[PDB]
Amino acid sequence: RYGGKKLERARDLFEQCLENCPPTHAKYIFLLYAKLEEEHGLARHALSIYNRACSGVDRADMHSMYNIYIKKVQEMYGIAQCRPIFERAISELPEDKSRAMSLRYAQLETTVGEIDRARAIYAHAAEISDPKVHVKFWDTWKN
Amino acid sequence: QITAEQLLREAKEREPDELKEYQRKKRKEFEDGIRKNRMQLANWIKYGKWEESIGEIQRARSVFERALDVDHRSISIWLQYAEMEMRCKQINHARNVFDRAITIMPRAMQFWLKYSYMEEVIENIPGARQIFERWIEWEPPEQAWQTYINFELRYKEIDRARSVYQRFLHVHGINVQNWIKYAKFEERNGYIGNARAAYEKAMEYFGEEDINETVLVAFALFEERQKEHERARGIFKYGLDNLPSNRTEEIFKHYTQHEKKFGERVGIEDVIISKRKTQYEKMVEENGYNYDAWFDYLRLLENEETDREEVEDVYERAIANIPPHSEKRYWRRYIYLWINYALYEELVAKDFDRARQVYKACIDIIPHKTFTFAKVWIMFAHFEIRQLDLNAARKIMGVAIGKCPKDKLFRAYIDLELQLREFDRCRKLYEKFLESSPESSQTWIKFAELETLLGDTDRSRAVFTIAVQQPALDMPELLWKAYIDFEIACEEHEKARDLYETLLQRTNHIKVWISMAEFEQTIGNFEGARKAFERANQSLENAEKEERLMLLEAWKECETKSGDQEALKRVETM
Amino acid sequence: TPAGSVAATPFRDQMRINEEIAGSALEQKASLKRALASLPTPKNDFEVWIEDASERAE
Amino acid sequence: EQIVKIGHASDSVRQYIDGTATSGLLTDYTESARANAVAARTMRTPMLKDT
Ligand SMILES: O=P(O)(O)O[C@H]1[C@H](OP(=O)(O)O)[C@@H](OP(=O)(O)O)[C@H](OP(=O)(O)O)[C@@H](OP(=O)(O)O)[C@H]1OP(=O)(O)O
């Protein structure tokens, strides 16, 4: 009905929604709210929604909020500013996705050239990666 | 493993008158356990319980009486002594036990609960009332009065339960929730005139100077739920008018619930703006350097067309948050507070003298020696081109060159002087510009471009002649590119030929030799291209064949253009 | 570790054209000044949506 | 920050201009920089400074 013409009132709806929304339903509301702030709002507001989204959405889909935040920061501030939100992810999402984030993070640091940082990503992931079954991780580190 | 647990521990996982005489043995056990260890109160309960189980109620009584001589403050003994009497239907004994318990330990709720409950279950409810009344005479905790209220309500004695509340607030009135619970009770029984009076008395009790938000919110939401919406709105507005905004967050959120339903658009947006202004003002006090709170707050106040003095004042508060760093990175976001302030003062307030003071105050704040923003100097220069004061704009922009030569400052000043049609001025500025960065080959092009744009074909040749003599350009190929382009475009092809070969004295790069031959192709003097290839053949014989192959096949391209069946073998035999 | 090959992306003066010799900065700048003092002077130029709750209110 | 400042300037002045014959003086800098970057992509930590 209004788009951006009532945005400060629109924010109050989304905040009033998310102030009581449970974390099983909040996934769509956060992405809808970020779309508003993306197309009409200030940039750090959209990023703050994603920063909320990757902790307010339940664990079973929290990785799907982190990679949004990764993509959107990377899309505007590049891979250098992207680093700190990988380290949040690796420390927080469950171990199967924490490996996956570690492989993706090490790929960036090698494609940049921070080879010493790349090792510490692998070496930190390697303690939660049983070589008797997770053989594809140890292959990527071996390569 | 071998043994350490799953054997050595596991192997040790495992390895008539005769009734009357049993009674005598049990009392021997119990009574000597007592002699051995009084204060083991569980033995006295078991012994007293056991005499009950044998039906020896009179013995059981004396045992509990002897237990109470050892510890009269044990609530367990009084309750177990009480429960055994009422198990045995000894209601007058049980009543005497409870009267003693509540007499001796009036603060132990368990006796009052169990006693009044027993007297209720036994349907002596005026006996139960007097027990609760006697309890309330000790001014007991809040939880005690609730059980008396609940007692009266379970018999639907609403006016009785009302009287307990009115006594309850004389004792525990300090807890606002007791006051709200009463008004909920009066409301839920439909005594809405009493519920309203209860909230009004609450405000009176806690004091209409030391105003309490929880009463206001509860009272306002009550009137809302009674459809007294103009009173509900009244109570919220009175709250916001009389309380500091570090409280009132509950009053606000509920007011922007009440108004957001029961209000109307002009009211709904008014309260949300006032909420947001309060919200930004808070998160500014939390940090100050939360520039995005300022940029929102300033935008909000501008968007709502708020009065100039207040928009101007908040800008001054924004501006005081100077970054604590000498590094341009932190200023890059900050500086748009200043720019927007000037834009507001020029566009919205339309007070250009004040706008000038904004721009001036930028330049007094930026360090300039460590870094500069060309943004502010360009904007302040163009602000003085507006109002038709180029004599000020030149002074502003010339000091920018003076304090801090920077490429966008030169470019923007030159562009201004071009638009003014002041060709003498920008020529002098280019000379200063090239003196400021003589390696900036791209600017040598734009200086020579100006000379060609003015049509002074002699001026431009001299610039290029000086340019190619300057060592250590950023990228000479781009200068030679422009100069050959110019030397072609003025039809001085004999000088362009001269110019091309006087490049070749400094390079034997394969693609330059290809382009030299390709130049002769575009002249239509393909004989010049041929000996360019023959020169690139019979003088670079030390060049490796895998590099030469790119140039030998460039002549092949020239001869497939030419079609000379005899020339291809000349291309082939090299 | 001497990594950081992202710094290999910027470069300048790839073609061999620069003489790779220069004066001391003051006399170098003086050479530029006194050369550009030779530039000729003369010139010529001419260069001539619907809202019904509100609708029924207003 | 400095690297991207130099990079954007050097990129811009290439894509600024082409030409019909004299363009062979210019390099297609950005692609040569990519070629240089993939050549420099092989790097290793040094060994034997101690043991
Ligand atoms: O001084 P230059 O080397 O010509 O570079 C400037 C300058 O960049 P820096 O001062 O940050 O090095 C400008 O910055 P300001 O002087 O205005 O602070 C910048 O403007 P932004 O900071 O807004 O990016 C502008 O970029 P643009 O051309 O996009 O306005 C860019 O100019 P060039 O791109 O012409 O070099």
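Under the PDB entry, the name given to chain C is Cell division cycle 5-like protein, and the source organism is Caenorhabditis elegans. The record for the entry shows the title "Structure of the C. elegans Intron Lariat Spliceosome primed for disassembly (ILS')".

As recorded in the PDB entry, chain A goes by Pre-mRNA-splicing factor SYF1 and comes from Caenorhabditis elegans.

A.B. asks: Report on the overall build of chain C, specifying residues and quantitative values.
C.D. replies: Looking only at helices and strands, chain C has two helices and zero strands in total. Here the C-alpha atoms of chain C give a radius of gyration of 32 Å, more than 25% beyond the 10 Å that 2.2 N^0.38 yields for 58 residues. The C-alpha extent of chain C, read off along each of the three principal axes, is 85 × 60 × 25 Å.

A.B. asks: Could you give an account of the overall build of chain A, naming the residues involved and the relevant values?
C.D. replies: Each helix and strand counted, chain A has seven helices and zero strands in total. Listing the helices and strands of chain A from first to last along the sequence gives α-α-α-α-α-α-α. With the C-alpha coordinates of chain A rotated into their principal frame, the extents come out at 55 × 30 × 20 Å. If you take every contact in chain A between residues at least 6 apart in sequence, the share linking residues at least 24 apart comes to 39%.

A.B. asks: Requested: an account of the site of the ligand, with residues and values cited.
C.D. replies: Around the ligand sit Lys328(B), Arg332(B), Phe373(B), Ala374(B), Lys375(B), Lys406(B), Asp407(B), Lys408(B) and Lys5(D), and those are all the residues in its vicinity. The ligand is flanked by residues contributed from chains B and D. Side-chain polar atom of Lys408(B) to an oxygen atom of the ligand: 2.8 Å apart, as the coordinates give it. Here an oxygen atom of the ligand and a side-chain polar atom of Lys5(D) are 2.5 Å apart. Calculation on the ligand without its partners gives an accessible area of 640 Å², and the protein chains cover 53% of this total. Contributing elements (two or more residues each) for the shell around the ligand: helix 18 (328–348), helix 20 (374–385) and helix 22 (407–419) of chain B. When grouped by side-chain class, the residues that make up the shell around the ligand number two nonpolar, no polar and seven charged.

A.B. asks: So what's going on with the pattern of salt bridges? Residues and values would help.
C.D. replies: For the structure on display, the rule yields 76 salt bridges over all chains. Note that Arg52(A) and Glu15(A) form a salt bridge whose closest N and O atoms lie 2.9 Å from each other. Residue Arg52(A) is found in helix 3 (residues 43–56), and its partner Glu15(A) is found in helix 1 (residues 7–18); the two are separated by 37 residues along the sequence. We note a salt bridge from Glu572(B) to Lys556(B), for which the minimum N-O separation is 3.3 Å. Taken together, the residues span a long stretch of sequence, with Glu572(B) in helix 31 (residues 565–572) and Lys556(B) in helix 30 (residues 545–562) at a distance of 16 residues. Accessibility expressed as a relative area gives 56% for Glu572(B), which makes it exposed. The network of salt bridges with common partners includes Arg308(B), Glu312(B), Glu316(B), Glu345(B), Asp351(B) and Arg354(B).

A.B. asks: Explain helix 6 (residues 115–125) of chain A to me, using residue names and the numbers behind them.
C.D. replies: Along an α-helix, residues three or four positions apart point the same way, because every turn accommodates 3.6 residues. Residues and elements named next belong to chain A. Listing the buried residues of helix 6 in full gives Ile115, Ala118, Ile121, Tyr122 and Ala125. In an axial view of helix 6, the angular spread of the buried residues amounts to 110°, which keeps them on one side of the axis. Of the surrounding secondary structure, the elements contacted by the buried residues of helix 6 are helix 5 (95–112) and helix 7 (135–142).

A.B. asks: Before we move on, can you summarise the interface of chain A and chain C with the specific residues and values?
C.D. replies: Taken residue by residue, the interface counts six residues in chain A and seven residues in chain C. Note on chain A versus chain C: buried area summed over both sides is about 500 Å², and carbon and sulfur give 47% of it. Our count for the chain A to chain C interface comes out at two residue pairs in polar contact. When its residues are assigned to classes, the side of chain A that touches chain C shows two nonpolar, one polar and three charged.

A.B. asks: With reference to specific residues and values, describe the packing of helix 15 (residues 265–285) of chain B against helix 16 (residues 291–303) of chain B.
C.D. replies: Packed helix pairs are characterised by how far apart their axes lie and by the angle those axes make with each other. All names here are of chain B. Contact pair helix 15 / helix 16: the axes reach a minimum separation of 10 Å and the direction vectors enclose 150°. Accordingly, the angle class assigned to the pair helix 15 and helix 16 is roughly antiparallel. For helix 15 against helix 16, the interelement crossing comes out left-handed. Along the contact surface, helix 15 presents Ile273, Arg276, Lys277, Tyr280, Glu281, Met283 and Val284, while helix 16 presents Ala293, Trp294, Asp296, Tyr297, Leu300 and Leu301. Its residues assigned to classes, the contact of helix 15 with helix 16 comprises nine nonpolar, no polar and four charged.

A.B. asks: Requested: an account of unusual backbone geometry, with residues and values cited.
C.D. replies: Residues and elements named next belong to chain B. Positive phi, close to 65°, is recorded for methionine 39, a residue that is not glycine. With respect to the element layout, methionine 39 can be found in the loop between helix 1 (17–36) and helix 2 (41–53). A positive phi is found at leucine 388, a non-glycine position, where the angle reads about 60°. When you line up the elements, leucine 388 lands in the loop between helix 20 and helix 21 (390–403).

A.B. asks: Tell me about a nonpolar patch on the surface, and please be specific about residues and values.
C.D. replies: Taken together, the side chains of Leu343(B), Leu347(B) and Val348(B) make up a nonpolar region of the molecular surface, amounting to roughly 270 Å² of accessible area. Within the fold, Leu343(B) resides in helix 18.

A.B. asks: Outline the side chain of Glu312(B), listing residues and values.
C.D. replies: All names here are of chain B. Its place among the elements puts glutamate 312 in helix 17 (residues 308–319). For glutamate 312, the side chain forms a polar contact with the side chain of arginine 354, separated by 2.5 Å. Beyond its immediate chain neighbours, meaning those up to four positions away, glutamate 312 contacts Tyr341, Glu345 and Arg354.

A.B. asks: Please give an account of the packing of aromatic side chains that cites residues and values.
C.D. replies: To describe a pair of aromatic rings, one takes the distance between the centres and the angle between the planes. For the structure shown, the criterion picks out 47 aromatic pairs over all chains. Seen from their ring centres, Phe137(A) and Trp138(A) are 5.4 Å apart, and the 90° between their planes marks the pair as edge-to-face. Take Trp138(A): its relative accessible area is 27%, and that puts it in the partly exposed class. The structure contains a cluster of three or more aromatic residues connected by ring pairs, namely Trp112(B), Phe132(B), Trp135(B), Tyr148(B), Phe151(B) and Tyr155(B). Above the face of the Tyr191(B) ring, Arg162(B) is positioned so that its terminal group lies 4.3 Å from the ring centre.

Parameters at a glance
Residues numbered from 1 in each chain as written, not as in the entry; some residues may be left out. Chains lettered and ligands numbered in written order. Part of a larger assembly, values for the part shown. Heavy atoms only, no water. Residues with missing side-chain atoms left out of burial classes, pairs and counts. Helix = DSSP H or I, 4+ residues; strand = E, 2+ residues; numbered from the N terminus. Rg over C-alpha atoms; globule rule 2.2 N^0.38 Å. Contact = heavy atoms within 4.5 Å. Near = heavy atom within 4 Å. Polar contact = N/O pair within 3.5 Å; in protein donor to acceptor, adjacent residues only side chain to side chain. Areas by Shrake-Rupley, 256 points an atom, 1.4 Å probe, with all protein chains shown as cover. Nonpolar A, V, L, I, M, F, W, Y, C, P; charged D, E, K, R; others polar. Salt bridge = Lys/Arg side-chain N within 4 Å of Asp/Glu carboxyl O. Buried < 20%, exposed > 50% of the residue type's maximum accessible area, 1.4 Å probe, protein only. Arc of directions from axis to C-beta. Buried area = accessible area lost by both parts, 1.4 Å probe. Axes fitted to C-alpha atoms, helices over the stretch in contact; angles between N-to-C directions. Parallel < 35°, antiparallel > 145°, perpendicular 65-115°, else oblique. Left-handed = near helix turned anticlockwise from the far one by under 90°. Patch = residues over 30% accessible without salt bridge, like charges linked within 9 Å, V, L, I, M, F, W, Y side chains within 5 Å. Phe/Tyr/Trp six-rings, centres within 6.5 Å; stacked < 30°, edge-to-face > 60°. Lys NZ or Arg CZ within 6 Å of the ring centre and 35° of its normal.

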